[PDB]
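Nothing in this text is a laboratory measurement; each read-out follows from the coordinates by a stated rule. Here the Cβ positions follow ideal geometry from the backbone for every residue, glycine too, while neighbour counts run over all protein chains shown.
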There are 2 protein chains.
Amino acid sequence: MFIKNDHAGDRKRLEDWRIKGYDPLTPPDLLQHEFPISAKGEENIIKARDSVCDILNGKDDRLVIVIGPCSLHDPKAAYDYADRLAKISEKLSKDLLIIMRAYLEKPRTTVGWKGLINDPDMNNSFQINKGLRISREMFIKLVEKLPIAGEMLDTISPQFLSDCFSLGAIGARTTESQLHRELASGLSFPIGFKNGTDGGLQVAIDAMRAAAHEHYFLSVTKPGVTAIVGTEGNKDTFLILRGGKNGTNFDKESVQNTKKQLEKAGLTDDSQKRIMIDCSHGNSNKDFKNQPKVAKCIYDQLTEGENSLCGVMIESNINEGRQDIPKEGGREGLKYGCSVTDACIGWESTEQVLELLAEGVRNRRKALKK
Amino acid sequence: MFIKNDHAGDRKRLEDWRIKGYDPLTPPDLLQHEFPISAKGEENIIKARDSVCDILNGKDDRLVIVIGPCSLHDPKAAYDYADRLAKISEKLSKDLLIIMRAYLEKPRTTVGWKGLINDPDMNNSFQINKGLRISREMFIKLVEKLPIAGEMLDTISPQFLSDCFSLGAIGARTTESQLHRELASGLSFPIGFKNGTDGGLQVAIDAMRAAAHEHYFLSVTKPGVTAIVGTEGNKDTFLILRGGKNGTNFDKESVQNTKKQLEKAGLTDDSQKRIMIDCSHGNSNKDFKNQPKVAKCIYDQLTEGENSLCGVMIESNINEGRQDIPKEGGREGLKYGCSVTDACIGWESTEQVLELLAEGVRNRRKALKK
């Protein structure tokens, strides 16, 4: 702490006796001035957002693919993965609309590395200020290469990193939080809510419904100070089928149920597409090798003409599997292109699945006579 | 809106085209100045906190009863009720500690009054600065009458009102939120989380495990600027049973099952008491009539000497049931002392209930020969 609470632990102060101190923080202004976005990255982002919103509204028959490392921990690897992916995306420019999984943390119940933002040297130093710096810079570099997608959590943290997202996602732990639903209703891109830890759809229905309305809440402004914010709202929201405590909900029947309750909520019609399926995480029962297989199911629903499906989430890294960051050595003790956060499928798995989906969208074209 | 995004709609800019613009805000330093907490309120607040920290470590053999409106919405009415409860609160004082349920906003997914802070004019005018004024004014009056407790909904707001809380809960929906755990660890009083909307008990155990720890995050400081905060961690933590979509857990079995899971967690031992019961919300199935009978169940388990219990929650009001705030009417014409959120028990029932539980505490005393 730069400022230190000299009175920590005294239980005769009304407040703050549990507070160690404070460290200076950088307002989003200064960073947004320091790390601006190039017009090319700007253009990437905007046209990306719109096209997504097109696919949502029934306007485009393409399919959205949010794929990438579950968390990002090493930048050079991010440029490698982004250029390799911009290659294959170049190849599929007319079918998939692929967007990268730029995630800077895995939220956890158990102690660990707290994400790229919190622990920048990965040794629990917590000079988060740097974390942000380098982390935002990586985006002013990536957005020139391809569109990226973050997951929301710290109402405060996006202020620094929202202008780079062309889409966002919301986690199960946080999907019931009216905080976050407000936050989406402010955000400047489409947002996908993950269905509850037990599987529940209702939480995600409720989040979309919430996020569409206009909201007022306390938030943090670009000059690092507090004000009251008004959100026009965000109607271009969707649902991400995910969890396993109740089991896997990727099965076709599950998708139909999602659709029946979505038209039971006025949240979709036959012409709009609001369903994203997330394989990594809950449906894979926590094994990377299970990721390819579900792909099999989604493709198949496309082949029969499933038009509700808007997009698909994929856990993916240059090298497959996962690894434990060493007690000692930090980032230098990690294998190159290998996920710290979740087990990913290897680049090879990833390209074979992409060819499969490129074809599935074509077959949906042929059976619908589209 | 004071400031107005003049670009709200041009989905052509990097960011902020879903933000209406913002409204100025009284910083917490200032609101901690305009309304200070008199020395008597200071005394009540801290004596209560230490009392609850005793009950939590088994040093006290009395019972924490958090009782009050589902939502506090009429400050005259609240003063009247805090009067009454404080009067009988020392009637039973030897028996248990009575903390009043000072909540400001009831979490939802639907349209309606977003609490006293967001819309305290009750007209969807949203004059939030005043909301805060009013509300802190309220608080500093109430801590002179009896200590209080509130529901931590968001993490900017308690900068304005924390020092009136002797004690706080984390709403069922936000328990899984990393954010509310990090916030929890700094607060200078006891926190008890509510179990997940399924009824699941792992969320709350994990939250207790996290909040014990020391965390560093981004938070708002008393002057009104964001900063990096380190917390000591709050070890003064517990669990609240409240119900779910499944498993209403107000029974002897369910409590013992829970105690066993907390023991398996290394959070408590047979001397400590880490379990609080909510008798509204799920357990009551939105039926105020079923609250007293749940008191009865409790009273029975205390007659049996159940020593892991630290408290009970209770949504009580001057007049029972609830009433519908007319959306096309004002708060001008509304029944006095009738909670406008979840259905409450009457004043007479409240006398009754409280007497009955006092008896229960006496009975547990005799069971272990204390």
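Table: residues versus (1) within 26 Å of B:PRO147 (Cβ to Cβ); (2) touching a helix residue (DSSP H, G or I) at 6+ places or on another chain (Cβ under 8 Å).
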| residue | (1), (2) |
| --- | --- |
| B:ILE19 | no, yes |
| B:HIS33 | yes, no |
| B:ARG49 | yes, no |
| B:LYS59 | yes, no |
| B:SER71 | yes, yes |
| B:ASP83 | yes, no |
I'd like the full set of residues that are surrounded by fewer than 19 Cβ atoms within 10 Å (Cβ to Cβ) and among the small types (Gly, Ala, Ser), limited to segment A:262-288.
A:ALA265, A:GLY266, A:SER271
Going by the structure shown, is B:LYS259 more than 7 Å from chain A (Cβ to nearest Cβ), closer than 24 Å to B:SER280 by Cα and assigned to a loop (DSSP other than H, G, I, E, B)?
no
Tell me the residue from A:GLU359, A:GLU306, A:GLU315 that is more than 25 Å from A:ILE148 (Cβ to Cβ), in contact (Cβ under 8 Å) with a residue 60 or more places away in the chain, surrounded by 14 or more Cβ atoms within 10 Å (Cβ to Cβ) and not β-branched (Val, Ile, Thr), please.
A:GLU359
Pairing a residue in segment B:11-34 that is among the small types (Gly, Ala, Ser) with any residue that is surrounded by fewer than 17 Cβ atoms within 10 Å (Cβ to Cβ), where Cβ atoms lie under 6 Å and the two sit 6 or more apart in sequence or on different chains, gives B:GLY21/B:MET1; B:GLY21/B:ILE3; B:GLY21/B:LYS4
With criteria (1) over 24 Å from A:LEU356 (Cβ atoms); (2) in contact (Cβ under 8 Å) with a residue 24 or more places away in the chain; (3) of a type in the set (S, T, N, Q), A:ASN285 comes up short on (1)
Pick out the one residue from B:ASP50, B:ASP54 that is assigned to a helix (DSSP H, G or I), over 18 Å from B:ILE140 (Cα atoms) and over 18 Å from the mean Cα position of the chain (by Cα).
B:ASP54
Confirm whether B:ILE37 is closer than 22 Å to B:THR155 by Cα, of a type outside the set (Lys, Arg), within 21 Å of the chain's Cα centre (by Cα) and facing chain A (nearest Cβ under 10 Å).
yes
Give segment B:18-47 a look and list any residue that's within 15 Å of B:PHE160 (Cβ to Cβ) and assigned to a loop (DSSP other than H, G, I, E, B), or say none.
B:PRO24, B:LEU25, B:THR26, B:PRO27, B:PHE35, B:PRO36, B:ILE37
Within segment A:53-89, track down each residue that is surrounded by 21 or more Cβ atoms within 10 Å (Cβ to Cβ) and farther than 22 Å from A:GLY192 by Cβ.
A:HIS73
Matching option when the condition is of a type in the set (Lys, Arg), touching a strand residue (DSSP E or B) at 6+ places or on another chain (Cβ under 9 Å) and on the phi < 0 side of the Ramachandran plot, among A:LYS40, A:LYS47
A:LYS47
Please count how many residues of segment A:193-207 are touching a residue at least 40 places away in the same chain (Cβ under 8 Å) and surrounded by 24 or more Cβ atoms within 10 Å (Cβ to Cβ).
5
Output the qualifying pairs, or none if there are none: Cβ atoms under 9 angstrom, residues six or more apart or on different chains, first residue in segment A:175-192 and facing chain B (nearest Cβ under 7 Å), second residue among the basic types (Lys, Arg) and assigned to a helix (DSSP H, G or I).
A:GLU176/B:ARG173; A:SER177/B:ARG173; A:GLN178/B:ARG173; A:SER188/A:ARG49
If you check B:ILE128, B:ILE67, B:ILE140, which single one turns out to be of a type in the set (A, V, I, L, M) and out of contact with any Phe, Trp or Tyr (no Cβ under 8 Å at 6 or more places or on another chain)?
B:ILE67
Tally time: how many residues in segment B:107-165 are of a type in the set (S, T, N, Q), part of a helix (DSSP H, G or I) and either within 9 Å of another protein chain (Cβ to nearest Cβ) or surrounded by fewer than 18 Cβ atoms within 10 Å (Cβ to Cβ) (or both)?
4
Quick check: anything in segment B:77-91 part of a loop (DSSP other than H, G, I, E, B), touching a residue at least 60 places away in the same chain (Cβ under 8 Å) and over 26 Å from B:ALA172 (Cα atoms)?
no
All but one of (1) surrounded by 20 or more Cβ atoms within 10 Å (Cβ to Cβ); (2) more than 12 Å from chain B (Cβ to nearest Cβ); (3) part of a loop (DSSP other than H, G, I, E, B); (4) in contact with an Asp or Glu (Cβ under 9 Å, 6 or more places away or on another chain) hold for A:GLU15, so report the exception by its number.
(2)
Considering (1) more than 27 Å from B:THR26 (Cβ to Cβ); (2) over 15 Å from the mean Cα position of the chain (by Cα), say which one B:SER219 fails and leave the rest.
(1)
Here is a check on your reading of the model: is B:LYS273 more than 21 Å from the chain's Cα centre (by Cα) and basic (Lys, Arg)?
no
With the condition being at the interface with chain A (Cβ under 10 Å from one of its Cβ atoms) and touching a strand residue (DSSP E or B) at 6+ places or on another chain (Cβ under 7 Å), I'd like the strands (runs of 3 or more DSSP E) fully within segment B:201-254 carrying at least 1 qualifying residues.
B:216-220, B:226-231
Restricting the search to segment A:226-244, which residues are out of contact with any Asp or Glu (no Cβ under 9 Å at 6 or more places or on another chain) and acidic (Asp, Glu)?
A:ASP236
Among the residues of segment A:103-143, count how many are in contact with a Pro (Cβ under 6 Å, 6 or more places away or on another chain) and of a type in the set (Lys, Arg).
1
Out of curiosity, is A:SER71 assigned to a helix (DSSP H, G or I), more than 13 Å from chain B (Cβ to nearest Cβ) and of a type in the set (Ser, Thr, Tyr)?
no
Across segment B:262-275, what is the number of residues that are in a helix (DSSP H, G or I) and either touching a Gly at 6+ places or on another chain (Cβ under 7 Å) or farther than 30 Å from A:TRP17 by Cβ (or both)?
1
Just give me the residues in segment B:166-181 being surrounded by 24 or more Cβ atoms within 10 Å (Cβ to Cβ) and in a helix (DSSP H, G or I), in sequence order.
B:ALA172, B:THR174, B:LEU179, B:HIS180, B:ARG181
